[PDB]
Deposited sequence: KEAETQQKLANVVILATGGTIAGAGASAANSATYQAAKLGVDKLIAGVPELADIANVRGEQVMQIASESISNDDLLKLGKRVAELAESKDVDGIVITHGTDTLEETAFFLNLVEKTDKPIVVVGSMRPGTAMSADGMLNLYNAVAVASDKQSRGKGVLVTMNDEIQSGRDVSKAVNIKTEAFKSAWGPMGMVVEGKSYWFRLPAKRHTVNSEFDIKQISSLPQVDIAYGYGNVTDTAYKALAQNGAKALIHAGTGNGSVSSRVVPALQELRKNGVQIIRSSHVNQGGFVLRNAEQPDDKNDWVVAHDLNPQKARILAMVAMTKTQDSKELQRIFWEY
């Protein structure tokens, strides 16, 4: 049987973030049928409260485990609120074909019809499966195999919370994986980024666009350290004429201006359509939602501050 390590970080999957990883494992006795499992407690947090120091710590531990010939696959138990951020971060920085699965639950294990037991079983099943090798980071909730790149928490309350605009890649049913699509975007072994060479993360913040929005949050975020601002625009990353001149001033001051959107079910932000990105030296976030865009920007800016290069990266990952 495969050797799978479970790194626990908290979340509702661990709600009485109360239960330790040994308790979570003990709650799924059937894990022993499909893998040789062992658990570590990396942290014990509510994921809405995650820090960049937590991401790096988790990232570095995943890398140490992926380097061990004693580990075949890795599962991370996590809160659902920022699961999608972690999953994408690991997809960019972990230079391994070994399976990495991120899993949570919408209901604590004490609730009626709690979803974590089966989610956790499926995460270990997928992490133990030869078919998962080289697929990038995966998320295994709602019987699905979702790409960590572009899966997002799209539905509140319901167990079907996690969706991608580009569909699930597969399903996991009675411990068996069934694949229907492969990834197209750069990940894990084919990434130019590596956690082994990342000691610090640049500060990236996010500001919302809406009717009657001002330049206030943009300026204030930059003044308090943002090296890049993700603009969560209306429509195709649209920017109000009131706010354009502030963003131009920010960019000249050296803040990357990355146009994302709050239009998150499909489509993407097209360069030079709604704003003159060439003239302004701005970047579009392609299909990536604001919080995903922030992750890619921050990892990218460990390597380059060149806005052309950042655009390439937003078109490749």
Discussion item. Where does the structure fail to cover the deposited sequence at the C-alpha level?
Written reply: 1-8, 25-36
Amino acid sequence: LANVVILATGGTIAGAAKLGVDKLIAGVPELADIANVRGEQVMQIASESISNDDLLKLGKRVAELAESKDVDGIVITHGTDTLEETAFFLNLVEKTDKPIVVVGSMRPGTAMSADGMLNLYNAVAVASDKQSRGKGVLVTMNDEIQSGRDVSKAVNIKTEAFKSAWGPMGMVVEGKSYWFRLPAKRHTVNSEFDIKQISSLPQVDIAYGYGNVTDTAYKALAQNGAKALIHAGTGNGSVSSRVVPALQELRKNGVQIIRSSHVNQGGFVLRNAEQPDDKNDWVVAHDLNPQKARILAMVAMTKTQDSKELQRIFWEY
From here on, numbers count along this sequence of modelled residues.
Fill in: Flanks modelled, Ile25 absent in at least a third of other entries
no
Item to complete: Report, as yes or no, whether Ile13 is left without coordinates in at least one third of the other compared entries.
Response: no
Discussion item. I need to verify one thing: averaged over C-alpha atoms only, is the B-factor higher for 295-303 or for 21-29?
Written reply: 21-29
Discussion item. Quick check on the record: does 124-132 or 77-85 carry the larger mean Cα temperature factor?
Written reply: 124-132
Item to complete: Name the residue from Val284, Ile34, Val263, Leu250 with the greatest C-alpha temperature factor listed in the entry.
Response: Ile34
Worksheet item: Among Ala161, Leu92, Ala207, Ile198, which carries the highest Cα B-factor?
Response: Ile198
Worksheet, complete the sentence: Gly59: CA temperature factor from the record, placed by chain third, in the highest
Worksheet, complete the sentence: By the entry's values, the third containing the CA B factor of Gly175 is the highest
Item to complete: Grab the CA temperature factor for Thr216 from the record and place it in the lowest, middle or highest third of its chain.
Response: middle
Worksheet item: Relative to the other modelled residues in the chain, which third contains the C-alpha temperature factor of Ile258: lowest, middle or highest?
Response: lowest
Discussion item. Looking at the temperature factor on the CA atom of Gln275, which third of the chain's modelled residues does it land in?
Written reply: lowest
